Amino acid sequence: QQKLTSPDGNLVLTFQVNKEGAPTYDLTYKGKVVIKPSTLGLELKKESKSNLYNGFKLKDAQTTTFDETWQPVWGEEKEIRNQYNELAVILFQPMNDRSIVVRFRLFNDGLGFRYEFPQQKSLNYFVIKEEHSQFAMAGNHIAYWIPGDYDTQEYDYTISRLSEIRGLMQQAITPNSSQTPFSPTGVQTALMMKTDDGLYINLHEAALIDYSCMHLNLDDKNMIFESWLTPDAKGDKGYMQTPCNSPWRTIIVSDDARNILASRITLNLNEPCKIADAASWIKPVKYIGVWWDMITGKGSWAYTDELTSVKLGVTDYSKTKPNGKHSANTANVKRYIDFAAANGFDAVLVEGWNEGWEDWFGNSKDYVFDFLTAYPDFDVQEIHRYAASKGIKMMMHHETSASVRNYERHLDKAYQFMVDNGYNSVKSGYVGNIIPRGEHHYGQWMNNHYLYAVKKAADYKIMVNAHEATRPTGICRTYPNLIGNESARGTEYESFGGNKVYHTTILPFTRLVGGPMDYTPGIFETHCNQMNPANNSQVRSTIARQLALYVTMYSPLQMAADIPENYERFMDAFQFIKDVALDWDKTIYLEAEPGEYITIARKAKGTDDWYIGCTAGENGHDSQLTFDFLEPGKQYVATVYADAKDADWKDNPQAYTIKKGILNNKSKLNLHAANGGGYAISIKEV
């Protein structure tokens, strides 16, 4: 039996090969079982060689320590400490004359482990049939979960016992453009859990590279989660060549929910930055967009309503009749540029700028876009000239309609077109079933594609925000030009019937573990019927809570998603969106309970200014704030953006108060969050 302890001594891992030769581990935190005895291993595709899960012998083992500090290009703080004790075990399989290494890294806030496959005579090329990584639970915990799916993460969270997942799964799987649920007890990572004995446990992975995306399948009789990888077109779960490594599997654990949010285990298990000049060109982006028009149905992506279908290079759009709904027209874009410039925004996104949108949805169309040819009413050169004159950058849009070979064929030309026309950031998308047909969004094949697009973008000094991509696993450390994904249910679904009131009190515990989200907050007119009378969707938020998301939904990429006209009605509240920073020297998690409330204070990078947000669930929240994180002796202008006493997400969402006063490190504030409400505070040094 091998033993490993955290630097602070509070976590203990034990490892042994069991009587069947199965590698086994367990984990305790302050004397409480976190992971019961759990087996590790893989089954390989047949060409006893299929068995890489038992008949192992422990040949050697070592423990080492590591302690270094590094600086993110952008992040929640200036400096991250990477401190762990490491156990490496060398496991030999006599029957197959081959060895693997299992590497365990134990931090004060949890455990990472991975498989390593050394180059040897009897292990070179192999295909994974299944990974059999176990996470044996000590009880029937509360879980905050979305359905296990190879193609979408755009689901509302369910809060239930592990025993209740099976019964709730059918109702949890709501309609989506591309979805492949795999099990009645299948869930996605990161999975958040709360134990009856007062522990918070997060199960996830780190550095998902050259490998298939991991989901979890629950054995709900023994309460064991098992790794369930995403299959390819032939049902296989990864083409490997030694030397190679699995991604890390992570268990983040604390008796304080705030320490789950504070964990940097995911980033710490990724390889250091591989972009030498990163600081010189990678910058956070605050943006508005020609976007909400089309999401609500007020406007169209399409130029014309005249065409049943289109053939790019044959269809002559100059001979088609404008539908009068096409939001991506030069005059309209210039009005967005004016509003962006007046209010200190960095960029304007425009969607529907390019030929093809008439056919974009659900046709499995190969040649669906060229990412190069503007519609007749979108003047790329004039918009570039005008934006540049107002100190604004345009954000490029590359919806692929999940036609991935087509995107790859155009990708160098599309990136060159961006550079030639003054675009340095792109929002990509993968809406529809993947082409090549038979592949899923999160398979090894597509994971390669998403990273290929990011690596190539880095060579062009382009920042990437990829919607519908595999959810992040901390690769932003290695490639910091990946400034965003959606890869979860965003504000767009507030237009498609609504998100659960508690949604933004769960995402920071689940989706945000591994990288930021382009959540597109800032909807002030929460009734979608004001954009489109046929749309009766209502945003499950107060205005004050929308302001809070600029602090509680961390991202270097922040949209103000509403139309300028709606911001002009509430410019007093809009001041918080104008003021709030995108990048931070320090973050303090003041209050956190998944599904109930999140309160975060952040120090704007290079300043002594602080920003606070609180987001609350179905029953609201009461905060008793203290400000001992402020500098002794310094006075601050505090602006509190709060729910009015009669505010409510459903009955009275636009009821807010704004109060300015002098604050210091001795100040105390008691604040009430409405149901689906919250508050925002700017704290600017005098």
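A residue's number is simply how far along the shown sequence it sits, counting from 1.
- According to the record, no deposited residue between residue 622 and residue 623 is left without atomic coordinates.
- The stretch with the higher mean CA B factor, choosing between 87-95 and 206-214, is 87-95.
- Stretches 155-163 and 445-453 differ in mean C-alpha B factor, with the higher average recorded for 155-163.
- Between the residues 583, 468, 277, 131, the entry's highest C-alpha temperature factor is the one at 277.
- For the set 307, 600, 233, 418, the maximum C-alpha B-factor listed in the entry falls on 307.
- In this PDB entry, residue 423 carries a Cα temperature factor that places it within the middle third of its chain's modelled residues.
- The entry lists a Cα temperature factor for residue 605 that places it in the middle third of the chain's modelled residues.
- In the deposited entry, the Cα temperature factor of residue 363 sits in the middle third of values across the chain's modelled residues.
- Ranked within its chain, residue 569 lands in the highest third, by CA B factor from the PDB record.
- Among the modelled residues of its chain, residue 256 has a C-alpha B-factor that falls in the highest third, as given in the PDB entry.
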